[PDB]
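Scroll down for the structure; my scribbles are underneath it.
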Amino acid sequence: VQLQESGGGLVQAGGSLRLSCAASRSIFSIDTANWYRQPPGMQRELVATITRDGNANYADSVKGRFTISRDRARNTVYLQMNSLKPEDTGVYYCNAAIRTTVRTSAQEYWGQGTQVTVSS
Amino acid sequence: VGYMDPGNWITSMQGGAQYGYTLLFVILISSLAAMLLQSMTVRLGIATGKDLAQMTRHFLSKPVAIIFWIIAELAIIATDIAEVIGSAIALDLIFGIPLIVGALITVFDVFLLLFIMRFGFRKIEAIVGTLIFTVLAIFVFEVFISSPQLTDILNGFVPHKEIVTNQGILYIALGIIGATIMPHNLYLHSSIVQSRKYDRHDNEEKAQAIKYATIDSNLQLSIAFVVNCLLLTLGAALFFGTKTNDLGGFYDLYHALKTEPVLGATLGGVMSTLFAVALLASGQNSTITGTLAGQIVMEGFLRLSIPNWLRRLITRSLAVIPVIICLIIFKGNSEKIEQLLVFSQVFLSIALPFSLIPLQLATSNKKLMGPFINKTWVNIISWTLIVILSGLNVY
Ligand SMILES: [Mn+2]
């Protein structure tokens, strides 16, 4: 089972994007999810974090603009990125605690980042 | 109308997924209470001239008759809310339509039932029948690690302490009973039973009509008991005794079926999909039976007459609003819209005393009425005791 990312790409400042975090095969539950990003020449930064109960929190640099959420029906964690700034450019990673079955212990998963480029 | 009810499923399944086989007594005692209370309405309808709604009106003045109508009408809306949520969830699992949009579609599902209308009124239910049976077959198959007596040790063999102590078990207990003893069925059954073949005015051999009607009322009520036990077993088997403590909603059941090891992946995906279609199917049947019941209540208490399609629209419009408001507040949280689902059945609990007491008074006056009102009075007092206890302990 591998964590797969999509929804990234190229967009103009002021535009919006929506990242998708799903697993390779059928999962019972994504109990927790984190959205990391890493701008060119900078450190890996935690951006969004959603919890089991549904509560979420965002970085001060992204709060009010970004929105992490869980699609329980498809076990997919989305990151709605609105009003994008040029400094939001970088590689976005998805960390999530996948639960293969109901009574299986929650394992930690990472994924190959996706490229997000906010131009001009 | 008892096993194709999303209110029954969500209460029984979360009653087992959270508290094991404890609430199996509550299923039994309420199913038994339902059998007895429905038989009183059957007698009330066939013996006396007309149904419960007008009977209640004949004893009350218009002000308190409207208050009774309000409580009754709200119970009808509460059931409709259960269907709205049930259909919205179904549309989310099958088509990926968000709950906030799905609830909006439920206004015009009324229009969708006319699309089903011209394709055979018998043709479609045969598909639904096989659908329900197949889904129920999965549920039966999805019962492993089953201790043949750990069920019994709490089934009927009441552990009457936690059921009433902590709010958690008590809350679901009220929802289970309110879903099995639906207040709108009392007003409905007290009029539809007067359509059977018997002499209206003079002949008392309409006790034969009561005979058939009571037997039929105990048949389908027994099946509802079996399914509710089968569903509580399902929730307990899958989600109870877990480290993560899953509440065991429709979404949990969906992924439990979809990720069941022995059931495979592609095969398990079919089972989960069939369940979702069955969840959708559970809706459109419930709205038709609920609409006829609304006519009786309104014409009984208010003596007001409007076409069914209109009241079907008004009732649905009023049912979607709290669903949408709930979805807006908690940002479309699926676990939260399921709490509204459970709460809709707990409200049916609150509305019950306002329907059981008039049923009692009529059953103790005019001929052909029951010998022991004892078994029926202890039900109401113990009922109002609990719904107020919960109504106060929370507040
Ligand atoms: Mn019910």
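Every chain in the structure tokens takes a letter, A first, then B, and so on in the order presented; its residues are numbered from 1, and the ligands are numbered from 1 following the presented order.
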
Exercise answer, chain A residues close to chain B, 6 Å and only C-alpha atoms, as a PyMOL selection string: chain A and resi 28+73+101

Counting only C-alpha atoms and all ligand atoms, give me one row per residue of chain B with an atom at most 7 Å from an atom of ligand 1, showing the shortest contact pair and its distance in Å to one decimal, sorted by chain then residue number, as a tab-separated table.
residue	atom	partner	partner_atom_place_in_ligand_line	distance
B:1	CA	ligand 1	1 (Mn)	6.8
B:2	CA	ligand 1	1 (Mn)	5.2
B:5	CA	ligand 1	1 (Mn)	5.4
B:7	CA	ligand 1	1 (Mn)	5.5
B:8	CA	ligand 1	1 (Mn)	5.1
B:179	CA	ligand 1	1 (Mn)	3.7
B:180	CA	ligand 1	1 (Mn)	4.8
B:181	CA	ligand 1	1 (Mn)	6.8
B:182	CA	ligand 1	1 (Mn)	5.8

Take the residues from that selection and write them out as a PDB file, in the first residue's frame, keeping N, CA, C and O atoms.
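Saved result, selection06.pdb, follows:
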ATOM      1  N   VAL B   1     -40.442  -0.808   6.081  1.00  0.00           N
ATOM      2  CA  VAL B   1     -40.899   0.053   7.164  1.00  0.00           C
ATOM      3  C   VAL B   1     -40.648  -0.647   8.510  1.00  0.00           C
ATOM      4  O   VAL B   1     -41.567  -1.054   9.225  1.00  0.00           O
ATOM      5  N   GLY B   2     -39.368  -0.796   8.839  1.00  0.00           N
ATOM      6  CA  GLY B   2     -38.960  -1.469  10.057  1.00  0.00           C
ATOM      7  C   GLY B   2     -37.565  -2.040   9.909  1.00  0.00           C
ATOM      8  O   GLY B   2     -36.821  -2.166  10.882  1.00  0.00           O
ATOM      9  N   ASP B   5     -35.446   1.067   7.295  1.00  0.00           N
ATOM     10  CA  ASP B   5     -35.428   2.357   7.973  1.00  0.00           C
ATOM     11  C   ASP B   5     -34.024   2.666   8.478  1.00  0.00           C
ATOM     12  O   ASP B   5     -33.493   1.944   9.321  1.00  0.00           O
ATOM     13  N   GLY B   7     -33.083   4.887  10.429  1.00  0.00           N
ATOM     14  CA  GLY B   7     -33.128   5.171  11.852  1.00  0.00           C
ATOM     15  C   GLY B   7     -32.897   3.922  12.679  1.00  0.00           C
ATOM     16  O   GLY B   7     -32.271   3.975  13.739  1.00  0.00           O
ATOM     17  N   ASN B   8     -33.406   2.795  12.195  1.00  0.00           N
ATOM     18  CA  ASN B   8     -33.213   1.514  12.861  1.00  0.00           C
ATOM     19  C   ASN B   8     -31.770   1.033  12.764  1.00  0.00           C
ATOM     20  O   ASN B   8     -31.206   0.527  13.734  1.00  0.00           O
ATOM     21  N   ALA B 179     -37.092   4.393  17.432  1.00  0.00           N
ATOM     22  CA  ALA B 179     -37.015   3.946  16.046  1.00  0.00           C
ATOM     23  C   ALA B 179     -37.860   2.696  15.819  1.00  0.00           C
ATOM     24  O   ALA B 179     -38.298   2.430  14.699  1.00  0.00           O
ATOM     25  N   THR B 180     -38.086   1.934  16.884  1.00  0.00           N
ATOM     26  CA  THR B 180     -38.884   0.715  16.797  1.00  0.00           C
ATOM     27  C   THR B 180     -40.348   0.997  17.112  1.00  0.00           C
ATOM     28  O   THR B 180     -41.245   0.335  16.591  1.00  0.00           O
ATOM     29  N   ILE B 181     -40.582   1.980  17.974  1.00  0.00           N
ATOM     30  CA  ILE B 181     -41.935   2.419  18.289  1.00  0.00           C
ATOM     31  C   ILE B 181     -42.148   3.827  17.741  1.00  0.00           C
ATOM     32  O   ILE B 181     -42.137   4.805  18.490  1.00  0.00           O
ATOM     33  N   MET B 182     -42.323   3.922  16.428  1.00  0.00           N
ATOM     34  CA  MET B 182     -42.461   5.213  15.764  1.00  0.00           C
ATOM     35  C   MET B 182     -43.863   5.781  15.975  1.00  0.00           C
ATOM     36  O   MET B 182     -44.854   5.149  15.608  1.00  0.00           O
TER      37      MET B 182
END

Atom CA of residue 177 of chain B to atom CA of residue 388 of chain B, distance in Å rounded to a single decimal: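 These atoms are spaced 15.0 Å apart.
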
Nearby residues (only C-alpha atoms) at most 8 Å from residue 32 of chain A, same-chain spacing under 4 positions excluded, as a PyMOL selection string: chain A and resi 49-52+96-98

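If you count only C-alpha atoms and ignore residues fewer than 3 places along the chain from residue 313 of chain B, what sits within 9 Å of it is residues 107, 108, 110, 308, 309, 310, 316, 317 and 318 of chain B.
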
Between atom CA of residue 286 of chain B and atom CA of residue 88 of chain B, distance in Å (one decimal):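 Separating atom CA of residue 286 of chain B from atom CA of residue 88 of chain B is a distance of 14.5 Å.
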
Segment 124-156 of chain B: residues DSSP assigns to alpha helix (DSSP H), reported as an MDAnalysis selection string: chainID B and resid 124:141

Shell of 7 Å around residue 65 of chain A, only C-alpha atoms, local chain residues under 2 positions omitted, as an MDAnalysis selection string: chainID A and resid 62:63 67 81:83

Residues within 9 Å of residue 368 of chain B, only C-alpha atoms, excluding chain neighbours under 3 positions, as a PyMOL selection string: chain B and resi 43-44+47+204+207+363

Residue neighbourhood segment 19-21 of chain B, 12 Å, only C-alpha atoms, exclusion window fewer than 5 positions, as a ChimeraX atom specification: /B:11-14,26-28,146-159,162-163,166,168-173,228-242,245-248

Those in chain A with strand (DSSP E or B) from DSSP, as a ChimeraX atom specification: /A:3-6,9-12,17-23,29-38,45-50,56-58,63,66-71,76-81,90-99,107-109,114-119

Pick from A:20, A:61, A:29, A:100, whichever lies nearest to residue 8 of chain A using only C-alpha atoms: A:20

Interatomic distance, atom CA of residue 283 of chain B to atom CA of residue 113 of chain B (Å, one decimal):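 It comes out at 10.7 Å.
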